[PDB]
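Q: Chains as they are written, first to last, in the authors' numbering: chain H2, 295 to 343; chain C2, 429 to 498, 527 to 779, 799 to 838; chain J4, 609 to 659. I am attaching a structure below and will ask some questions about it afterwards.
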Amino acid sequence: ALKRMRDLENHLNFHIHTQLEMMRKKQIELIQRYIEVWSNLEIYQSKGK
Amino acid sequence: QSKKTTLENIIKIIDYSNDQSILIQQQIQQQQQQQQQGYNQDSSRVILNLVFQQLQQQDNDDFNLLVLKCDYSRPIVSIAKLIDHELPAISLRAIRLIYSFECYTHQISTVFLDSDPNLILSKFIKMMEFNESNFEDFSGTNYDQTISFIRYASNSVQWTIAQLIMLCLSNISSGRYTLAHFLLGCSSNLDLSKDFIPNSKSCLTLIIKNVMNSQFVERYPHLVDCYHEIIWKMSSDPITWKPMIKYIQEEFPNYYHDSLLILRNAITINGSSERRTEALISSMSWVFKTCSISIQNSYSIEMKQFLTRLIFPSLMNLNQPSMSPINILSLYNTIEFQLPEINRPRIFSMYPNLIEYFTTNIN
Amino acid sequence: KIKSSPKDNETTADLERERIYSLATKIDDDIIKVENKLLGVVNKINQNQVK
C-alpha cells in the first residue's frame with residue numbers, strides 16, 4: 295500500500311505536471327494566435343472605411 | 429495537415445525501426461534477405477544523427493547563456537527500445553541520446569517507471585553482460601577505420617552506460633533517486649533506505665561480477681576504475697552506504713580480497729602501458745576506501761579473517777594445514812612510490828602567454 | 609477567410625489600421641518576453657535563498 299501510493303504520487307508530481315506545463319505553454323501559443331487572427335479580422339472587416 | 433506531419437513522420441520511423449528490430453530478431457530464424465534491410469537501418473541511423481544535431485545546439489553554454497538573457529516520455533521510450541539494437545552504431549546512438557536527455561531533465565528515472573521499467577532495464581542489462589568471445593587484440597598497428605569503427609561502436613556501449621550511471625551519481629543532491637539508482641536496482645519505492653533485492657539482475661549485480669572477472673580487468677582497466685568509483689560512491693553516500701555494504705557482505709563477501717588479488721596481479725604484468733597502470737592503481741584506491749567504510753561500520757567475521765590471515769598475517773598460523800601473498804607491505808610496494816618526474820611541456824616555452832589557456836583544471 | 613481577401617483599393621485608414629492592430633499583436637509578444645524574463649529573475653532569487 296505504501297509503495298502503490300508513492301508510485302501514484304510520482305505520476306502526479308512528474309508525468310501529470312509535465313502534461314500540465316505542456317498545456318500551459320500551448321495555451322500561450324494559442325492566445326498569441328487568437329490576437330493575430332483577431333487583429334487581422336478587424337483590419338479585414340474594417341477595410342476601405 | 430502537411431505542416432505538423434514532419435516530426436510526426438520521423439517519430440513513425442523510430443517506432444517502425446522498433447517494429448522492424450522485433451521482426452528481424454524473429455526473422456533471422458529464416459532471412460537470406462539482409463540486402464533489403466540496409467536502407468531502413470541507415471534511415472534510422474540518419475534520424476538518430478539528426479535528433480542528436482538538434483540536441484548539439486542545447487548541449488552548449490552559448491544557448492544556456494542566451495536562455496539566461498531572454527510529453528517527452530514516448531520519444532525517449534521509443535529510443536530506449538533501441539538500446540539493444542542489432543547494429544552497435546544505432547545502440548550507441550540511443551544510449552548517447554538518453555545521456556543528453558537526462559542532462560536536461562534528471563527525470564528519465566520516472567519516465568522509465570511510468571512505462572515498463574522491466575523491458576527498459578533488461579535492455580541496459582543485455583548490453584552490460586560480458587561476452588568473452590567478442591575478442592581479438594588491439595596490438596596490430598594496421599588500424600583499418602572500417603573494422604575499427606565497428607569495434608569502437610561495440611566497446612563504447614558499456615563505457616557510455618557506465619558514464620550514464622556515473623553522471624547520475626555525481627549529480628546527487630542528498631536522497632534524490634536518479635537513473636543511476638534505477639539502473640543499479642535501488643528500491644522502486646524511490647526508497648534509498650531499503651536493501652537491494654538478492655539474486656536479482658541489475659547493472660549492480662553485473663558491475664561486481666564483471667569486476668571479479670580477471671579477464672574483464674585485464675581487457676578493460678578504465679571501465680573497471682569507473683565501475684569501482686560506482687561501488688565507492690554507493691558505499692559513501694550517507695544514505696545508500698548501508699544497503700550497499702550489506703549487499704556486498706550478503707552476496708559478495710570475498711570482494712575486498714578477490715578485487716585486491718586481481719588488481720595486484722593485473723599491475724604485476726610487465727610490458728603494460730602507463731595508462732593501464734593509471735586506471736588499475738586508481739581502482740585500487742577505491743577498493744581500499746570502500747573496505748575502510750566496511751571495517752569502520754560493518755566489521756564481520758570475514759573482515760576479521762581477511763585482516764588477521766592476509767593483511768596482517770601473524771606467523772604461527774602458517775603451520776596449520778587444516779583448511799607472494801597480499802599483506803600490508805606487499806600492497807604498499809604494488810603502488811610504486813617512485814612518482815614520475817613531470818618535465819615542463821616545450822609548448823609553454825613557445826607560448827608562455829597561453830599557459831592558462833592550454834591547461835584545464837580537473838577539480 | 610481573412611488571408612483569401614484581395615489587397616485591392618487600400619486607403620490611408622487601412623494602412624494605419626494595418627500598422628496599429630499589428631502593434632497590438634506586437635504588444636502581447638513583447639509582454640510575454642517580459643513575463644518570461646521576470647520569471648527568469650524570480651526563480652533565481654528563490655534558488656539563491658534555498659542554496
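Even for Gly, the Cβ is constructed at its ideal location relative to N, Cα and C.
Round the Cβ separation of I718 (chain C2) and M668 (chain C2) to the nearest angstrom and send it over; I've been treating them as touching at under 8 Å.
A: On the second sequence, position 262 is the one that residue 718 (chain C2) refers to. On the second sequence, position 212 is the one that residue 668 (chain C2) refers to. About 7 Å; that satisfies the 8 Å criterion.
Q: Between which two residues does the alpha helix (DSSP H) holding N492 (chain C2) run?
A: Counting from 1 along the second sequence, the entry for residue 492 (chain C2) is found at position 64. Taken as a continuous stretch (DSSP letters only), the alpha helix (DSSP H) holding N492 (chain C2) covers 489-495.
Q: Keeping to the same chain, check which residues put their C-beta closer than 6 Å to that of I830 (chain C2); ignore five residues upstream and five downstream.
A: On the second sequence, residue 830 (chain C2) is found 355 positions in, with the first residue counted as 1. Same-chain partners within the cutoff: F823.
Q: Taking the straight line between their C-alpha atoms, what separation do you get for residue 501 (chain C2) and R720 (chain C2)?
A: The model of chain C2 omits the segment between 498 and 527, and residue 501 (chain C2) is among the residues lacking coordinates.
Q: Shorter than 7 Å from the beta carbon of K319 (chain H2) to some beta carbon of chain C2?
A: Counted from its first residue, the first sequence places residue 319 (chain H2) at position 25. Not closer than 7 Å to any Cβ of chain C2, the Cβ of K319 (chain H2) fails to qualify, so no.
Q: Quick one: does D636 (chain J4) have its CB under 7 Å from some CB of chain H2?
A: As a first step, residue 636 (chain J4) is located in the third sequence; it is residue number 28 there, counting from the start. Closer than 7 Å to some Cβ of chain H2, the Cβ of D636 (chain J4) qualifies, so yes.
Q: Report the option in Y467 (chain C2), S529 (chain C2), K431 (chain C2) whose CA atom is closest to the CA atom of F308 (chain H2).
A: The residue given as residue 308 (chain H2) occupies position 14 in the first sequence. With distances taken between Cα atoms, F308 (chain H2) lies closest to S529 (chain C2).
Q: Would you say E330 (chain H2) faces chain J4, with C-beta separation under 7 Å as the test?
A: Locating residue 330 (chain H2) in the first sequence gives position 36, counting from the first residue. True, the Cβ-Cβ gap to chain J4 drops below 7 Å.
Q: Cutting at 7 Å between CB atoms, please list the residues of its own chain near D487 (chain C2), excluding the five before and the five after it.
A: Working through the second sequence from its first residue, we reach residue 487 (chain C2) at position 59. The residues are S556.
Q: Using a Cβ cut-off of 8 Å, pull out every chain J4 residue sitting near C498 (chain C2), in sequence order please.
A: The count along the second sequence starts at 1 and reaches residue 498 (chain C2) at position 70. In chain order: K641, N644, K645, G648.
Q: So, does the CB of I628 (chain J4) fall closer than 7 Å to a CB anywhere in chain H2?
A: Here residue 628 (chain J4) is taken as the residue at index 20 of the third sequence, counted from 1. It does not: the Cβ of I628 (chain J4) has no partner Cβ on chain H2 nearer than 7 Å.
Q: Indicate whether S612 (chain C2) and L548 (chain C2) have their beta-carbon atoms separated by less than 7 Å.
A: Locating residue 612 (chain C2) in the second sequence gives position 156, counting from the first residue. Locating residue 548 (chain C2) in the second sequence gives position 92, counting from the first residue. Cβ distance < 7 Å, so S612 (chain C2) and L548 (chain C2) count as in contact.
Q: Given that a residue counts as buried once 16 or more other Cβ atoms are within 10 Å of its Cβ, and exposed if not, what is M299 (chain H2)?
A: Counting from one through the first sequence, the residue named residue 299 (chain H2) turns up at place 5. The residue is exposed, with fewer than 16 neighbouring Cβ atoms inside 10 Å.
Q: Mapping DSSP to helix, strand and coil, what is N334 (chain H2)?
A: Reading the first sequence from its first residue, position 40 is the one you call residue 334 (chain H2). The answer is helix: DSSP assigns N334 (chain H2) an H, G or I state.
Q: From which residue to which residue does the alpha helix (DSSP H) around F638 (chain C2) run?
A: On the second sequence, residue 638 (chain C2) is found 182 positions in, with the first residue counted as 1. Segment 635-639, the alpha helix (DSSP H) holding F638 (chain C2).
Q: Which runs of the beta strand (DSSP E), 3 residues or longer, sit entirely within the segment 662-731 of chain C2?
A: DSSP runs (the beta strand (DSSP E)) wholly in the segment 662-731 of chain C2: none.
Q: For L569 (chain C2), go through chain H2 and note every residue whose CB falls closer than 7 Å to its CB, in chain order.
A: Taking the second sequence and counting its residues from 1, one reaches residue 569 (chain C2) at position 113. Under the 7 Å cutoff, chain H2 gives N304.
Q: Taking residue 523 (chain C2) as the reference, give the member of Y633 (chain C2), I606 (chain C2), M779 (chain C2) with the closest Cα.
A: Residue 523 (chain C2) cannot be located in this model; chain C2 continues from 498 straight on to 527.
Q: Where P573 (chain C2) and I450 (chain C2) are concerned, what is the direct C-alpha to C-alpha distance, given to the nearest angstrom?
A: Residue 573 (chain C2) sits at position 117 when you count from the first residue of the second sequence. Residue 450 (chain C2) sits at position 22 when you count from the first residue of the second sequence. C-alpha separation (whole angstroms): 18 Å.
Q: Which residues in chain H2 have a C-beta closer than 8 Å to the C-beta of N655 (chain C2)? List them in chain order.
A: Here residue 655 (chain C2) refers to the residue found at position 199 when the second sequence is read from its first residue. By Cβ distance, chain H2 contributes nothing, its closest Cβ being about 20 Å from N655 (chain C2), past 8 Å.
Q: Give a yes or no on whether the C-beta atoms belonging to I621 (chain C2) and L639 (chain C2) are separated by under 7 Å.
A: For the purposes of this step, residue 621 (chain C2) is taken as the residue at position 165 of the second sequence. For the purposes of this step, residue 639 (chain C2) is taken as the residue at position 183 of the second sequence. It is a contact, given that the beta carbons lie within the stated cut-off.
Q: Does the distance from the C-beta atom of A609 (chain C2) to that of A536 (chain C2) stay below 7 Å?
A: Position 153 of the second sequence, counted from the start, is the residue given in the question as residue 609 (chain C2). Position 80 of the second sequence, counted from the start, is the residue given in the question as residue 536 (chain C2). No; because the gap between Cβ atoms is not below 7 Å, this pair is not in contact.
Q: In terms of residues, what are the limits of the alpha helix (DSSP H) holding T633 (chain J4)?
A: Here the question's residue 633 (chain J4) lines up with position 25 in the third sequence. First-last of the alpha helix (DSSP H) with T633 (chain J4): 620-658.
Q: Anyone know if the C-beta pair for residue 581 (chain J4) and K341 (chain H2) falls short of 7 Å?
A: Missing from the structure shown is residue 581 (chain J4); chain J4 here goes from 609 to 659 and no further.
Q: Check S547 (chain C2) in the structure and name its three-state DSSP category.
A: Position 91 of the second sequence, counted from the first residue, corresponds to residue 547 (chain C2). Helix at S547 (chain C2).
Q: Measuring alpha carbon to alpha carbon, tell me which of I532 (chain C2), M584 (chain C2), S754 (chain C2) ends up nearest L660 (chain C2).
A: As a first step, residue 660 (chain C2) must be located in the second sequence, where it is residue number 204. For the residues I532 (chain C2), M584 (chain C2), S754 (chain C2), the minimum Cα distance to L660 (chain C2) belongs to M584 (chain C2).
Q: Taking 7 Å as the CB-CB limit, is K297 (chain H2) close to chain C2?
A: In the first sequence, residue 297 (chain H2) corresponds to position 3, counting from 1. With 7 Å as the cut-off, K297 (chain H2) counts as an interface residue toward chain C2.
Q: CA-CA distance, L771 (chain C2) and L569 (chain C2)?
A: For the purposes of this step, residue 771 (chain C2) is taken as residue 315 along the second sequence, with counting starting at 1. For the purposes of this step, residue 569 (chain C2) is taken as residue 113 along the second sequence, with counting starting at 1. About 55 Å.
Q: Grab me the residues of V650 (chain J4)'s own chain with a C-beta within less than 6 Å of its C-beta, minus the 5 sequence neighbours each way, in chain order.
A: Residue 650 (chain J4) sits at position 42 when you count from the first residue of the third sequence. Counting only Cβ-Cβ distances below 6 Å, and skipping sequence neighbours, we find nothing.
Q: For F768 (chain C2), which residues from the same chain have a beta carbon less than 8 Å from its beta carbon, with the 5 sequence-adjacent residues on both sides left out?
A: Numbered from its first residue, the second sequence carries residue 768 (chain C2) at position 312. So the qualifying residues of the chain are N802, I803.
Q: What do you get for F833 (chain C2), buried or exposed, if any count of 16 or more other CB atoms within 10 angstroms of its CB means buried?
A: Counting from 1 along the second sequence, the entry for residue 833 (chain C2) is found at position 358. So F833 (chain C2) counts as exposed.
Q: On a CA-only basis, which of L496 (chain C2), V533 (chain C2), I687 (chain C2), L679 (chain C2) is nearest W615 (chain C2)? Give me that one, please.
A: As a first step, residue 615 (chain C2) is located in the second sequence; it is residue number 159 there, counting from the start. Minimum Cα distance to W615 (chain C2) is reached at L679 (chain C2).
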